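Let us start with two forms of the same protein chain, each given on its own as C-alpha cells and named structure 1 and structure 2.
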Structure 1
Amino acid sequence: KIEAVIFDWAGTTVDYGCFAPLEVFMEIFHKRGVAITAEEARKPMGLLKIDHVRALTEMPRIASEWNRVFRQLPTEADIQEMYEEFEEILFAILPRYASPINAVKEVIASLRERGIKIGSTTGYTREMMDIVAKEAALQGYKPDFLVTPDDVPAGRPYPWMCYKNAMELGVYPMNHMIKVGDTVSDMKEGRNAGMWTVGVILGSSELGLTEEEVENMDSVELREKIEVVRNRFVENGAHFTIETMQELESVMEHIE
C-alpha cells in the first residue's frame, strides 16, 4: 500500500508554527476595535483565506463583540473589506515565513527513494502560492504537484483538492494515500477524502509555538501541551499523530 503522500504547506512543511497569517487576522479586526485572541484567530486555520476571515466574524464572541460596537452583526461589505486589507498586508510580508520547517526535506528525500509521490493541498490562494512556492523551492522543497482552492469548486474541508492530487499523481485507490497535516481542517479533509490521516504536532498551528519557546520550554509543560494537540487531531479524524516528520515513515510501515 501507499503510493503517495499529500502535504499541507504552512505548518506541515513550511513556516513553523504557521505564523505568516496570524497577526494579520488580528490586525484587521483590531482596526475596527474588536480585538480577538491569538487563539480564536487560529481556530479555522486551513481554510481558504477569505473563508477564514468569514469564519472569524461568525464565532459568537467575535460576532457578538462586533455587534456591541457597530450595533449590528458583520456584513459582506465588512468582511469583504477586511479581506482586501488582509490581502495586501499578508501579501507584503509573505516572503519571509516561507522557509521549510526543520526536518521535512530529509523525509521527502527518503520518501522519494521508495518511489513515493508528493502532492500538496493548501489554504493560500493561487496568487499567494506563486510566491511561497518559488522561495520554498529556492530553499529546497518542490512537491510533485500543487493544488489550491482555485483549481477546485470548493475550499478545504472538502476532499476536492485531494482528488486533483490523486488524479494528477496517478494513484487509483483512495486508501493508497497518506495525508499529512497540522490542523483540524486537514484531518477532516483527509478523512473526507478517504485517505490515511496523519497529523504532525510540533511546528503545527494547533500547538502554535515557535522555537525559542519549545526548545526553550519546560519539559512537562510542553509534553502536556503536545498531549492536548494530539487528542484534538484524533478526536477530529486522524489515524495517527506524530511529533515530527521523522516519525512518518514508521506510520506508513504500520499501515499493513
Structure 2
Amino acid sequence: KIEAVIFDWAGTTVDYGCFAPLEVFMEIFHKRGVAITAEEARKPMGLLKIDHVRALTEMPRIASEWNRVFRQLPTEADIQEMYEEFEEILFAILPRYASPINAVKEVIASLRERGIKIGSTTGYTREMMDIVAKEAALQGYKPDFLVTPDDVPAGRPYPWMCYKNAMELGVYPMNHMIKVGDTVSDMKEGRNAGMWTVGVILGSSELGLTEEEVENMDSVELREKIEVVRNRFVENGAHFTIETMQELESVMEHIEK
C-alpha cells in the first residue's frame, strides 16, 4: 500500500534541531545591538524568512530595543537589509549543518530495500538546497528527488511540492505516500496533499533542543518537553508522531491495516 515517503530536510533529515536559521537571525540582530533570544527567534519559525524577519521586528520587546538603539522604529528598508544579510550569512554556514541526523541514514537504506521510493520537500530556497543537498550527499544522504518552493506556485502549506514529488517518483494516489516532518507546517502540507502525515520529535524544530542538551538533560524534564510537541503535532493533523525516525517502518506497518 505505501509506496513512497516524502521527507522534510531541516529538523528531520538534517540540522538536528533546525538551528542554522535560528543561528543567523540572532546574528543579524546582535550585530545591530538588539540581541534576541532563541525562543522569540524560533517564535515565528514557519513563515517566509522575509516575513519572519518583519515578525521579529514587530515583537514589542524587540521593537522597543531597536527604537532605543536607532532612535527610531525599524523601517521597511531595514527589514530588506536584514533579509539580504540573512541569506549571505546562511549560504556561508549552511554546510556546517547539512549533516544527516544519526538515526536517519540507516532508516532510508531499509526503506529503499523494501523498494519504497524516497522523496522530499522543504522550506529552504533552491539556492540554499543546492548547498545543503550537496553537503548531505557527501555525508551519505541523497533522496531520490527534491523540490523547493521555487519549483512550484507556492511553498508550504500548499501540497504543490508534494504533487511534484508523486509526479516524478511516479506514485499514486496520494494516500500511498507518507509525509514526514518536524513542524506544524509539515503536518498541514501532508494533509492538504491527502497523504499520511507523521511528525518526528527528537531533533525537531519544535522540540528545539540540540543533540547535546538531549543526551545531557533530566529524563523527567525531557520526557515532558517531548509531549508538548508530540501533542502539538496531533493537534495539527499528524495521523501519527514519532520520537525518532527509527519508528518509521513501524508506523507504516500500522497504516497498512
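Residues that one form lacks are left out of the comparison. Whichever C-alpha set is largest while still superposing within 1.5 Å between the two forms counts as the rigid core. Residue numbering: structure 1 sequence, from 1.
If we fit on the core, is the Cα of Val198 displaced 2 Å or more between the two structures? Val198 C-alpha, core-superposed: shift of less than 2 Å.
For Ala166, state whether the C-alpha moves by 2 Å or more between the two structures after rigid core superposition. Comparing the forms between the two structures, which are aligned on their rigid core, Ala166 does not shift its C-alpha by 2 Å or more.
When the larger rigid part is held fixed by a C-alpha fit, how many degrees does the smaller part turn between the two structures? Domain rotation angle comes out at 22 degrees.
Cα displacement of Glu40 between the two structures, core-superposed (Å): Here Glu40 registers a C-alpha shift of 3.6 Å.
Could you tell me how many Å the Cα atom of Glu84 shifts between the two structures when the rigid core is held superposed? That residue's C-alpha sits 1.1 Å away in the other form.
How much does the C-alpha of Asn67 move between the two structures, in Å, given a rigid core overlay? Here the C-alpha difference is 8.7 Å.
With the two forms aligned on the rigid core, where do runs of 3 or more residues move by 2 angstroms or more at the CA atoms between the two structures? Core-superposed, just one run shifting 2 Å or more comes out: 25 to 82.
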